[PDB]
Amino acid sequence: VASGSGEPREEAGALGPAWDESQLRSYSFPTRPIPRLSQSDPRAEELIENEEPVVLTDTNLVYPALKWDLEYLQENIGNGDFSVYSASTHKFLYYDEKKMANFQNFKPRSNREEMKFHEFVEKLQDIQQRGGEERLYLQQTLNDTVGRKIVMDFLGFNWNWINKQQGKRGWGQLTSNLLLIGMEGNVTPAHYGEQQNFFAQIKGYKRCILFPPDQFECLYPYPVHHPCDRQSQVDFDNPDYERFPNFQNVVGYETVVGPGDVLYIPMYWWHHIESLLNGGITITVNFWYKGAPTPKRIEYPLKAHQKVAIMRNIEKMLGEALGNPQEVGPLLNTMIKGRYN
């Protein structure tokens, strides 16, 4: 039952299995498979409505980008700057630079560096040749500086389908589209977002592990004011069960997406994403939409994500009232010690 990503799919034309289990990293928790369905399947529509993950296999969402690759992109993406993160580890933990001032003791294991696409491809080539071990991960928002061919492809996306989704779910508006190009083995540590997300795979394969919002207690996100706000503090590769006991109770939903698949990552859902080992570079483009407007009057019982919204707000409010985020913890502890625990 906890088969994880399940039996590796077979590529059309008897071209062998898309990937093999040995390309997946090993973790201490169990996982059940996310449903892989057709966009016409009533079940898929039902899952999206109930804000549950589902992998759509035939949306043609980014059909025009399926031909994208380093060469093509380096020739039509433009001369604008691209944010490229560098790290000596496979884990690319995200951090908010604007919050780094309130936590001077935080030392990022990955550094950001702006550059031209051709510079990224060059540095990428420079690594593979010398047999180096430093990893790179480009993460840039698609802006107005992209070439005409890329703009053409963008226009070719299936807006008719996604726009209807946006409408049917009452979502806000598309805030952005993140272009992700990473090296094999690259990993983005578990975290959650405050936006709805359609994750469109273009090149290579990615293993995606999601956890429902009700697993907040097992994932121990960093303090809201910390640079790693929304990210899990647990090191999936070496879980500290003394500090994070409940991580022993965590249960995820996983899947492996490839060219053409679109994974719906519901808002507030935690997700860990890794590029398959020895699977080559990977390319992805996401679609981040604002969630629907918060209800007029709340109905009880309250949903897990609503409680998460409340905790986040309490932390933010306390940080402003106390006039200093480092004082949030001492006040919270004083409130509960001997009173609520």
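Numbers follow the displayed sequence, beginning with 1.
Chemist: Looking at the deposited entry, does 89 to 97 or 117 to 125 carry the larger mean Cα B-factor?
Modeler: The recorded data point to 117 to 125.
Chemist: Determine, for stretches 70 to 78 and 162 to 170, which one has the higher mean CA B-factor as deposited.
Modeler: Per the PDB record, 70 to 78.
Chemist: Name the one of 191, 243, 207, 112 with the greatest CA B-factor according to the PDB entry.
Modeler: Highest C-alpha B-factor among the listed residues goes to 112.
Chemist: Say you rank 231, 195, 215, 83 by Cα B-factor from the PDB entry; which sits at the top?
Modeler: Comparing C-alpha B-factors across 231, 195, 215, 83, the top value belongs to 83.
Chemist: By its CA B factor, does residue 259 count among the lowest, middle or highest third of the modelled residues in the chain?
Modeler: Lowest third - that is where residue 259 ends up once the chain's C-alpha B-factors are sorted.
Chemist: Once the chain's modelled residues are ordered by C-alpha B factor and cut into thirds, is residue 296 in the lowest, middle or highest one?
Modeler: For residue 296, whose C-alpha B-factor we compare with every modelled residue in the chain, the answer is the highest third.
Chemist: What third of the chain does residue 17 rank in for C-alpha temperature factor, lowest, middle or highest?
Modeler: Tercile = highest for this residue's CA B-factor.
Chemist: Among the modelled residues of this chain, does the Cα B factor of residue 249 put it in the lowest, middle or highest third?
Modeler: It belongs to the lowest third of the chain when residues are ordered by C-alpha B-factor.
Chemist: Tell me, lowest, middle or highest third: where does the Cα B factor of residue 239 rank within its chain?
Modeler: Middle third of the chain for residue 239's C-alpha B-factor.
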